[PDB]
């Protein structure tokens, strides 16, 4: 959306749906050709198949997100927000929960669909206990 408030509300709803773990509902928030860059500097994920794989991987990892303040850009489409993500590695037989402190930047269409997400987190943004 181009209205800041409404734009933020769509991102808030995205995090609610990540938390709910409902892949189909999450994927439908994105445009069909939306790109996801997670982490920033690795391979860009592009289109529906890649989104699906990425969100299945997140729900499988039992991700929970606690978002910080949602900041709007003044470009009619961006939202940027620091978050704490917690998740489990499904290959770890101890299923140990890890925290990642990340920053997400979204851009949205004027109809309110997400068309890019970039996720900043590095090796040194990961914590345990």
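Numbering follows the first chain given and starts at 1.
So, looking at the entry's B-factor column for Cα atoms, which has the higher mean, 100-108 or 37-45?
For C-alpha atoms only, the mean B-factor is higher in 37-45.
Higher mean Cα B-factor in the deposited model: 78-86 or 91-99?
Taking the mean B-factor of the alpha carbons in each, 91-99 is higher.
Which third, lowest, middle or highest, does the CA B-factor of residue 31 fall in along this chain?
Within its chain, residue 31 is a highest-third residue by C-alpha B-factor, going by the deposited values.
Residue 118 CA temperature factor, ranked by third within the chain:
Bottom third by C-alpha B-factor.
B-factor third for the C-alpha atom of residue 63 within its chain:
Lowest third.
Compared with the other modelled residues in the chain, in which third is the CA B-factor of residue 126?
Tercile = lowest for this residue's CA B-factor.
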